[PDB]
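Here's coords-v9.json, which has JSON, C-alpha atoms:
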```
[["chain", "number", "residue", "atom", "x", "y", "z"],
["A", 1, "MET", "CA", -9.54, -17.52, 6.12],
["A", 2, "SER", "CA", -7.65, -15.35, 8.70],
["A", 3, "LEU", "CA", -8.91, -12.04, 10.12],
["A", 4, "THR", "CA", -6.79, -9.21, 11.65],
["A", 5, "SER", "CA", -8.45, -7.62, 14.76],
["A", 6, "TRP", "CA", -8.14, -5.82, 18.12],
["A", 7, "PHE", "CA", -9.08, -7.98, 21.13],
["A", 8, "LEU", "CA", -9.62, -7.72, 24.88],
["A", 9, "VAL", "CA", -7.81, -10.46, 26.81],
["A", 10, "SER", "CA", -9.25, -10.95, 30.30],
["A", 11, "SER", "CA", -7.17, -11.87, 33.39],
["A", 12, "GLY", "CA", -9.86, -14.61, 33.71],
["A", 13, "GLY", "CA", -8.50, -16.31, 30.55],
["A", 14, "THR", "CA", -11.16, -15.33, 27.98],
["A", 15, "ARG", "CA", -10.53, -13.49, 24.67],
["A", 16, "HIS", "CA", -13.05, -11.00, 23.20],
["A", 17, "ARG", "CA", -12.89, -9.77, 19.61],
["A", 18, "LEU", "CA", -13.48, -6.02, 19.24],
["A", 19, "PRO", "CA", -15.71, -5.62, 16.06],
["A", 20, "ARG", "CA", -15.47, -2.68, 13.64],
["A", 21, "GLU", "CA", -18.64, -1.10, 15.13],
["A", 22, "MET", "CA", -19.98, 0.14, 18.45],
["A", 23, "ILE", "CA", -20.67, -2.35, 21.28],
["A", 24, "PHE", "CA", -22.04, -1.92, 24.80],
["A", 25, "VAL", "CA", -20.30, -3.13, 27.99],
["A", 26, "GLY", "CA", -22.40, -3.79, 31.08],
["A", 27, "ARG", "CA", -24.34, -6.10, 33.46],
["A", 28, "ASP", "CA", -27.60, -6.14, 31.46],
["A", 29, "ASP", "CA", -28.31, -6.81, 27.74],
["A", 30, "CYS", "CA", -24.84, -5.76, 26.45],
["A", 31, "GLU", "CA", -22.57, -7.24, 23.73],
["A", 32, "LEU", "CA", -19.83, -7.57, 26.38],
["A", 33, "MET", "CA", -21.43, -8.88, 29.60],
["A", 34, "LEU", "CA", -19.89, -8.54, 33.09],
["A", 35, "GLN", "CA", -21.36, -9.98, 36.32],
["A", 36, "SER", "CA", -20.17, -7.53, 39.04],
["A", 37, "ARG", "CA", -22.73, -5.35, 40.93],
["A", 38, "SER", "CA", -20.02, -2.58, 40.68],
["A", 39, "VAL", "CA", -20.65, -2.37, 36.88],
["A", 40, "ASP", "CA", -23.70, -0.43, 35.58],
["A", 41, "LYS", "CA", -26.49, -2.26, 33.57],
["A", 42, "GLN", "CA", -25.21, -0.24, 30.48],
["A", 43, "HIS", "CA", -21.82, 0.97, 31.68],
["A", 44, "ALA", "CA", -19.72, 1.89, 28.63],
["A", 45, "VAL", "CA", -19.43, 1.68, 24.83],
["A", 46, "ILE", "CA", -16.40, 0.57, 22.81],
["A", 47, "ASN", "CA", -16.57, 2.33, 19.46],
["A", 48, "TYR", "CA", -14.34, 1.98, 16.37],
["A", 49, "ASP", "CA", -12.53, 4.65, 14.35],
["A", 50, "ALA", "CA", -12.20, 3.26, 10.79],
["A", 51, "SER", "CA", -9.75, 6.07, 9.77],
["A", 52, "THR", "CA", -7.09, 5.33, 12.48],
["A", 53, "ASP", "CA", -8.03, 1.56, 12.90],
["A", 54, "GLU", "CA", -8.47, 2.09, 16.68],
["A", 55, "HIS", "CA", -11.06, 1.45, 19.39],
["A", 56, "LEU", "CA", -12.29, 4.11, 21.81],
["A", 57, "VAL", "CA", -13.96, 3.55, 25.16],
["A", 58, "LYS", "CA", -16.60, 5.91, 26.62],
["A", 59, "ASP", "CA", -18.07, 5.67, 30.11],
["A", 60, "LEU", "CA", -21.84, 6.36, 29.82],
["A", 61, "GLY", "CA", -22.04, 8.01, 33.30],
["A", 62, "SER", "CA", -21.67, 4.92, 35.50],
["A", 63, "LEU", "CA", -21.67, 4.83, 39.31],
["A", 64, "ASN", "CA", -18.03, 3.60, 39.62],
["A", 65, "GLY", "CA", -16.37, 4.70, 36.39],
["A", 66, "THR", "CA", -14.11, 3.08, 33.79],
["A", 67, "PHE", "CA", -10.36, 2.68, 34.33],
["A", 68, "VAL", "CA", -7.58, 2.81, 31.71],
["A", 69, "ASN", "CA", -4.15, 1.94, 33.24],
["A", 70, "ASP", "CA", -5.70, 2.48, 36.78],
["A", 71, "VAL", "CA", -6.85, 6.02, 35.84],
["A", 72, "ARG", "CA", -10.60, 6.80, 36.11],
["A", 73, "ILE", "CA", -11.47, 8.27, 32.68],
["A", 74, "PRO", "CA", -13.69, 11.45, 32.45],
["A", 75, "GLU", "CA", -17.32, 10.44, 31.91],
["A", 76, "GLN", "CA", -19.04, 10.66, 28.50],
["A", 77, "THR", "CA", -15.56, 11.20, 26.86],
["A", 78, "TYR", "CA", -13.99, 8.91, 24.23],
["A", 79, "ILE", "CA", -10.56, 7.55, 25.27],
["A", 80, "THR", "CA", -8.42, 5.86, 22.64],
["A", 81, "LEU", "CA", -7.41, 2.32, 23.52],
["A", 82, "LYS", "CA", -3.72, 1.61, 22.87],
["A", 83, "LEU", "CA", -1.81, -1.71, 22.67],
["A", 84, "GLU", "CA", -1.11, -3.20, 26.18],
["A", 85, "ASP", "CA", -3.62, -0.80, 27.90],
["A", 86, "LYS", "CA", -5.23, -2.29, 31.02],
["A", 87, "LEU", "CA", -8.98, -1.76, 31.00],
["A", 88, "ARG", "CA", -11.37, -2.31, 33.92],
["A", 89, "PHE", "CA", -15.06, -1.45, 34.18],
["A", 90, "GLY", "CA", -16.14, -0.36, 37.71],
["A", 91, "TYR", "CA", -14.51, -2.75, 40.20],
["A", 92, "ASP", "CA", -15.17, -5.88, 38.09],
["A", 93, "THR", "CA", -12.51, -8.64, 38.61],
["A", 94, "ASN", "CA", -11.76, -8.81, 34.85],
["A", 95, "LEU", "CA", -8.70, -6.80, 33.96],
["A", 96, "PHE", "CA", -8.66, -6.60, 30.16],
["A", 97, "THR", "CA", -5.45, -6.21, 28.15],
["A", 98, "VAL", "CA", -5.85, -4.43, 24.76],
["A", 99, "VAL", "CA", -4.11, -6.56, 22.08],
["A", 100, "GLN", "CA", -4.10, -6.86, 18.26],
["A", 101, "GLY", "CA", -3.70, -10.06, 16.26],
["A", 102, "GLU", "CA", -4.70, -12.55, 13.54],
["A", 103, "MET", "CA", -7.62, -14.91, 14.27],
["A", 104, "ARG", "CA", -8.88, -17.96, 12.35],
["A", 105, "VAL", "CA", -12.31, -17.54, 10.70],
["A", 106, "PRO", "CA", -14.03, -21.01, 11.06],
["A", 107, "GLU", "CA", -15.01, -22.55, 7.71],
["A", 108, "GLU", "CA", -18.68, -22.70, 8.94],
["A", 109, "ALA", "CA", -18.76, -18.82, 9.17],
["A", 110, "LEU", "CA", -17.84, -18.60, 5.43],
["A", 111, "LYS", "CA", -21.20, -20.41, 4.60],
["A", 112, "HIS", "CA", -22.91, -17.17, 5.80],
["A", 113, "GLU", "CA", -23.40, -14.87, 2.74],
["A", 114, "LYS", "CA", -23.82, -11.57, 4.71],
["A", 115, "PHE", "CA", -20.80, -12.33, 7.01],
["A", 116, "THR", "CA", -18.55, -13.35, 4.00],
["A", 117, "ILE", "CA", -19.45, -10.14, 2.02],
["A", 118, "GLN", "CA", -18.59, -7.96, 5.11],
["A", 119, "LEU", "CA", -15.31, -10.00, 5.44],
["A", 120, "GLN", "CA", -14.38, -9.55, 1.70],
["A", 121, "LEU", "CA", -15.21, -5.78, 1.91],
["A", 122, "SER", "CA", -12.97, -5.55, 5.06]]
```
Could you render the structure as structure tokens?
Amino acid sequence: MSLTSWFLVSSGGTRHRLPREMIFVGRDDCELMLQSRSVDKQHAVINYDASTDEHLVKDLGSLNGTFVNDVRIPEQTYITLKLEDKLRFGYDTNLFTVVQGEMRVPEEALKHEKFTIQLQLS
């Protein structure tokens, strides 16, 4: 099949699918892992608003902050991510671009009952 989703595209060349649920961003035991010392162990969350089909970033109270279009966002405040926004956590070298697109669901993933049901209900 083909899935429609928001993604983060790193300046480092990687692509990261934003799921329709909350994820953590950080240096330690997070869904989106970064390696920089300038990023907190649990730095931010990227949540999803099902009503507006948008993602929102919240800095959890990190040492160096979270930047949207080079602006340090207020801490513990949800900021809506818009198409072409430039997102950086702390002073990590990954500059992420907020994009939306169609991705290919591998045929192997459709053998998973729970995944397929959540895909069909999407």
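Restricting the calculation to all atoms listed in the file, the smallest distance between residue 45 in chain A and any of A:103, A:30, A:95, A:110 is found for A:30.
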Write out as JSON lines the residues of range 22-92 of chain A that have any atom within 10 Å of an atom of range 8-11 of chain A, one row each with the nearest atom pair and its distance in Å to one decimal, counting only C-alpha atoms, sorted by chain and then rising number.
```
{"residue": "A:84", "atom": "CA", "partner": "A:8", "partner_atom": "CA", "distance": 9.7}
{"residue": "A:85", "atom": "CA", "partner": "A:8", "partner_atom": "CA", "distance": 9.6}
{"residue": "A:86", "atom": "CA", "partner": "A:8", "partner_atom": "CA", "distance": 9.3}
{"residue": "A:87", "atom": "CA", "partner": "A:8", "partner_atom": "CA", "distance": 8.6}
{"residue": "A:88", "atom": "CA", "partner": "A:10", "partner_atom": "CA", "distance": 9.6}
```
Which residues are close to residue 106 in chain A, i.e. within 12 Å by only C-alpha atoms, leaving aside same-chain residues fewer than 5 positions away? Reply as a PDB file with C-alpha atoms, in the coordinates of the input.
```
ATOM      1  CA  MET A   1      -9.540 -17.520   6.120  1.00  0.00           C
ATOM      2  CA  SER A   2      -7.650 -15.350   8.700  1.00  0.00           C
ATOM      3  CA  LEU A   3      -8.910 -12.040  10.120  1.00  0.00           C
ATOM      4  CA  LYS A 111     -21.200 -20.410   4.600  1.00  0.00           C
ATOM      5  CA  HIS A 112     -22.910 -17.170   5.800  1.00  0.00           C
ATOM      6  CA  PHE A 115     -20.800 -12.330   7.010  1.00  0.00           C
ATOM      7  CA  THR A 116     -18.550 -13.350   4.000  1.00  0.00           C
TER       8      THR A 116
END
```
Checklist entry - When distances are computed from all atoms listed in the file, which of A:122, A:36, A:69, A:97 shows the smallest separation from residue 53 in chain A? => result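 The shortest atom-to-atom distance to residue 53 in chain A comes from A:122.
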Checklist entry - When distances are computed from all atoms listed in the file, which of A:98, A:114, A:20, A:82 shows the smallest separation from residue 7 in chain A? => result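 Smallest separation from residue 7 in chain A among the options: A:98.
When CA of residue 17 in chain A is paired with CA of residue 90 in chain A, their separation reads 20.7 Å.
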Taking (-18.5, -4.2, 17.2) in the file's coordinates as the center, which residues reach within 9 Å of it, counting all atoms listed in the file, put as a PDB file with C-alpha atoms, in the coordinates of the input?
```pdb
ATOM      1  CA  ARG A  17     -12.890  -9.770  19.610  1.00  0.00           C
ATOM      2  CA  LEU A  18     -13.480  -6.020  19.240  1.00  0.00           C
ATOM      3  CA  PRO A  19     -15.710  -5.620  16.060  1.00  0.00           C
ATOM      4  CA  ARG A  20     -15.470  -2.680  13.640  1.00  0.00           C
ATOM      5  CA  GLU A  21     -18.640  -1.100  15.130  1.00  0.00           C
ATOM      6  CA  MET A  22     -19.980   0.140  18.450  1.00  0.00           C
ATOM      7  CA  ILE A  23     -20.670  -2.350  21.280  1.00  0.00           C
ATOM      8  CA  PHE A  24     -22.040  -1.920  24.800  1.00  0.00           C
ATOM      9  CA  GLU A  31     -22.570  -7.240  23.730  1.00  0.00           C
ATOM     10  CA  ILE A  46     -16.400   0.570  22.810  1.00  0.00           C
ATOM     11  CA  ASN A  47     -16.570   2.330  19.460  1.00  0.00           C
ATOM     12  CA  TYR A  48     -14.340   1.980  16.370  1.00  0.00           C
TER      13      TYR A  48
END
```
Checklist entry - Pick from A:4, A:92, A:99, A:58: nearest to residue 27 in chain A, with all atoms listed in the file counted? => result A:92
Checklist entry - Do you have the CA of residue 66 in chain A-CA of residue 39 in chain A distance handy? => result 9.1 Å
Item to check | Residues near residue 40 in chain A, cut-off 10 Å, only C-alpha atoms, skip fewer than 5 positions along chain, as a VMD selection string | outcome: chain A and resid 25 to 28 34 to 35 59 to 65 89 to 90
Item to check | Gap from CA of residue 29 in chain A to CA of residue 52 in chain A - Å, one decimal | outcome: 28.8 Å
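Nearest to residue 100 in chain A of all the residues A:49, A:6, A:33, A:73 is A:6, counting only C-alpha atoms.
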How big is the axis-aligned box around all listed atoms of range 15-23 of chain A once 3 Å goes on each side, and where's its centre, in Å to one decimal, as lines of an AutoDock Vina configuration file?
```
center_x = -15.6
center_y = -6.7
center_z = 19.2
size_x = 16.1
size_y = 19.6
size_z = 17.0
```
Could you add the missing atoms to range 88-103 of chain A, up to N, CA and C atoms, and return them as a compact mmCIF listing (two decimals), in the frame of the given file?
```
# COMPACT_ATOMS: atom_id res chain seq x y z
N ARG A 88 -10.47 -1.75 32.91
CA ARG A 88 -11.37 -2.31 33.92
C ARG A 88 -12.64 -1.46 34.01
N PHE A 89 -13.79 -2.12 34.06
CA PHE A 89 -15.06 -1.45 34.18
C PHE A 89 -15.50 -1.54 35.66
N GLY A 90 -15.75 -0.39 36.30
CA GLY A 90 -16.14 -0.36 37.71
C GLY A 90 -15.05 -1.05 38.50
N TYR A 91 -15.44 -1.98 39.36
CA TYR A 91 -14.51 -2.75 40.20
C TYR A 91 -14.68 -4.23 39.87
N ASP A 92 -15.04 -4.51 38.61
CA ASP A 92 -15.17 -5.88 38.09
C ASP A 92 -13.80 -6.57 38.18
N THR A 93 -13.77 -7.89 38.44
CA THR A 93 -12.51 -8.64 38.61
C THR A 93 -11.76 -8.87 37.28
N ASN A 94 -12.43 -8.68 36.14
CA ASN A 94 -11.76 -8.81 34.85
C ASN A 94 -10.91 -7.60 34.54
N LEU A 95 -9.61 -7.82 34.44
CA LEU A 95 -8.70 -6.80 33.96
C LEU A 95 -8.43 -7.17 32.52
N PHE A 96 -8.85 -6.31 31.58
CA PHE A 96 -8.66 -6.60 30.16
C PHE A 96 -7.40 -5.96 29.62
N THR A 97 -6.62 -6.73 28.85
CA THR A 97 -5.45 -6.21 28.15
C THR A 97 -5.86 -6.02 26.69
N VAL A 98 -5.59 -4.81 26.15
CA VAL A 98 -5.85 -4.43 24.76
C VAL A 98 -4.72 -5.01 23.89
N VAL A 99 -5.06 -5.94 22.99
CA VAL A 99 -4.11 -6.56 22.08
C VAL A 99 -4.64 -6.49 20.64
N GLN A 100 -3.77 -6.78 19.68
CA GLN A 100 -4.10 -6.86 18.26
C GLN A 100 -3.48 -8.12 17.72
N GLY A 101 -4.20 -8.82 16.85
CA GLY A 101 -3.70 -10.06 16.26
C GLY A 101 -4.53 -10.63 15.12
N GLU A 102 -4.06 -11.78 14.61
CA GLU A 102 -4.70 -12.55 13.54
C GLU A 102 -5.51 -13.69 14.16
N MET A 103 -6.78 -13.82 13.78
CA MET A 103 -7.62 -14.91 14.27
C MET A 103 -8.10 -15.77 13.10
```
